[PDB]
file run-v6.pdb (PDB, C-alpha atoms)
ATOM      1  CA  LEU A   1     -60.112-136.002 172.009
ATOM      2  CA  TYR A   2     -57.127-137.480 170.156
ATOM      3  CA  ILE A   3     -54.055-135.396 169.303
ATOM      4  CA  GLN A   4     -51.117-136.847 167.342
ATOM      5  CA  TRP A   5     -48.412-134.209 166.965
ATOM      6  CA  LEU A   6     -44.839-134.386 165.722
TER       7      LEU A   6
ATOM      8  CA  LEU B   1     -62.129-134.281 167.919
ATOM      9  CA  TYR B   2     -59.144-135.760 166.066
ATOM     10  CA  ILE B   3     -56.072-133.676 165.214
ATOM     11  CA  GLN B   4     -53.134-135.127 163.252
ATOM     12  CA  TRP B   5     -50.429-132.488 162.875
ATOM     13  CA  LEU B   6     -46.856-132.666 161.633
TER      14      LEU B   6
ATOM     15  CA  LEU C   1     -64.146-132.561 163.829
ATOM     16  CA  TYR C   2     -61.161-134.039 161.976
ATOM     17  CA  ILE C   3     -58.089-131.955 161.124
ATOM     18  CA  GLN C   4     -55.151-133.406 159.163
ATOM     19  CA  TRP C   5     -52.447-130.768 158.786
ATOM     20  CA  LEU C   6     -48.873-130.945 157.543
TER      21      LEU C   6
ATOM     22  CA  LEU D   1     -66.163-130.840 159.739
ATOM     23  CA  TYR D   2     -63.178-132.319 157.887
ATOM     24  CA  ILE D   3     -60.107-130.235 157.034
ATOM     25  CA  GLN D   4     -57.169-131.686 155.073
ATOM     26  CA  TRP D   5     -54.464-129.047 154.696
ATOM     27  CA  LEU D   6     -50.891-129.225 153.453
TER      28      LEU D   6
ATOM     29  CA  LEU E   1     -68.180-129.120 155.650
ATOM     30  CA  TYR E   2     -65.195-130.598 153.797
ATOM     31  CA  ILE E   3     -62.124-128.515 152.944
ATOM     32  CA  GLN E   4     -59.186-129.965 150.983
ATOM     33  CA  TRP E   5     -56.481-127.327 150.606
ATOM     34  CA  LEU E   6     -52.908-127.504 149.363
TER      35      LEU E   6
ATOM     36  CA  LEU F   1     -63.437-139.134 151.439
ATOM     37  CA  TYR F   2     -66.175-137.908 153.801
ATOM     38  CA  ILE F   3     -69.390-139.913 154.330
ATOM     39  CA  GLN F   4     -72.284-138.536 156.383
ATOM     40  CA  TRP F   5     -75.552-140.435 156.719
ATOM     41  CA  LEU F   6     -78.699-139.019 158.309
TER      42      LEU F   6
ATOM     43  CA  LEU G   1     -61.420-140.855 155.529
ATOM     44  CA  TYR G   2     -64.158-139.629 157.890
ATOM     45  CA  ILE G   3     -67.373-141.633 158.420
ATOM     46  CA  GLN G   4     -70.267-140.257 160.473
ATOM     47  CA  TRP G   5     -73.535-142.155 160.809
ATOM     48  CA  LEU G   6     -76.682-140.740 162.399
TER      49      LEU G   6
ATOM     50  CA  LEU H   1     -59.403-142.575 159.618
ATOM     51  CA  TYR H   2     -62.141-141.349 161.980
ATOM     52  CA  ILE H   3     -65.356-143.354 162.510
ATOM     53  CA  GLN H   4     -68.249-141.977 164.562
ATOM     54  CA  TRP H   5     -71.518-143.876 164.898
ATOM     55  CA  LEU H   6     -74.665-142.460 166.489
TER      56      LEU H   6
ATOM     57  CA  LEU I   1     -57.386-144.296 163.708
ATOM     58  CA  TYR I   2     -60.124-143.070 166.070
ATOM     59  CA  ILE I   3     -63.338-145.074 166.599
ATOM     60  CA  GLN I   4     -66.232-143.698 168.652
ATOM     61  CA  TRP I   5     -69.501-145.596 168.988
ATOM     62  CA  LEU I   6     -72.648-144.181 170.579
TER      63      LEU I   6
ATOM     64  CA  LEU J   1     -55.368-146.016 167.798
ATOM     65  CA  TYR J   2     -58.107-144.790 170.160
ATOM     66  CA  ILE J   3     -61.321-146.795 170.689
ATOM     67  CA  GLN J   4     -64.215-145.418 172.742
ATOM     68  CA  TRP J   5     -67.484-147.317 173.078
ATOM     69  CA  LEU J   6     -70.631-145.901 174.669
TER      70      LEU J   6
END

call {"tool": "encode", "arguments": {"input": "run-v6.pdb", "output": "structure tokens"}}
result
Amino acid sequence: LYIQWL
Amino acid sequence: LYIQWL
Amino acid sequence: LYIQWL
Amino acid sequence: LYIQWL
Amino acid sequence: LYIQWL
Amino acid sequence: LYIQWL
Amino acid sequence: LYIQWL
Amino acid sequence: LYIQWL
Amino acid sequence: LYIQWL
Amino acid sequence: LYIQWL
């Protein structure tokens, strides 16, 4: 699981 | 699962 | 599952 | 599943 | 399943 | 671009 | 770009 | 870019 | 970039 | 960048 959130 | 969210 | 959301 | 959403 | 939505 | 090979 | 190989 | 190999 | 190898 | 090898 990879989450990139901005 | 890959989530890229901006 | 790949989600790209802007 | 691939979702590209803008 | 591929969804491209703008 | 979405590539699925079975 | 999403690549899935089975 | 998401790469999954089985 | 996410790389998963099985 | 996330790399997972099995």

call {"tool": "resolve_selection", "arguments": {"input": "run-v6.pdb", "expression": "the PyMOL selection byres ((chain F and resi 5) around 6)", "output": "PyMOL selection string"}}
result
(chain F and resi 4+6) or (chain G and resi 5-6)

call {"tool": "resolve_selection", "arguments": {"input": "run-v6.pdb", "expression": "the ChimeraX specification (/B :<12) & /I", "output": "PDB file with C-alpha atoms, keeping the file's coordinate frame"}}
result
ATOM      1  CA  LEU I   1     -57.386-144.296 163.708  1.00  0.00           C
ATOM      2  CA  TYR I   2     -60.124-143.070 166.070  1.00  0.00           C
ATOM      3  CA  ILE I   3     -63.338-145.074 166.599  1.00  0.00           C
ATOM      4  CA  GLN I   4     -66.232-143.698 168.652  1.00  0.00           C
TER       5      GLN I   4
END

call {"tool": "axis_aligned_box", "arguments": {"input": "run-v6.pdb", "around": "chain G", "padding_each_side": "5 Å", "output": "AutoDock Vina command-line options"}}
result
--center_x -69.1 --center_y -140.9 --center_z 159.0 --size_x 25.3 --size_y 12.5 --size_z 16.9
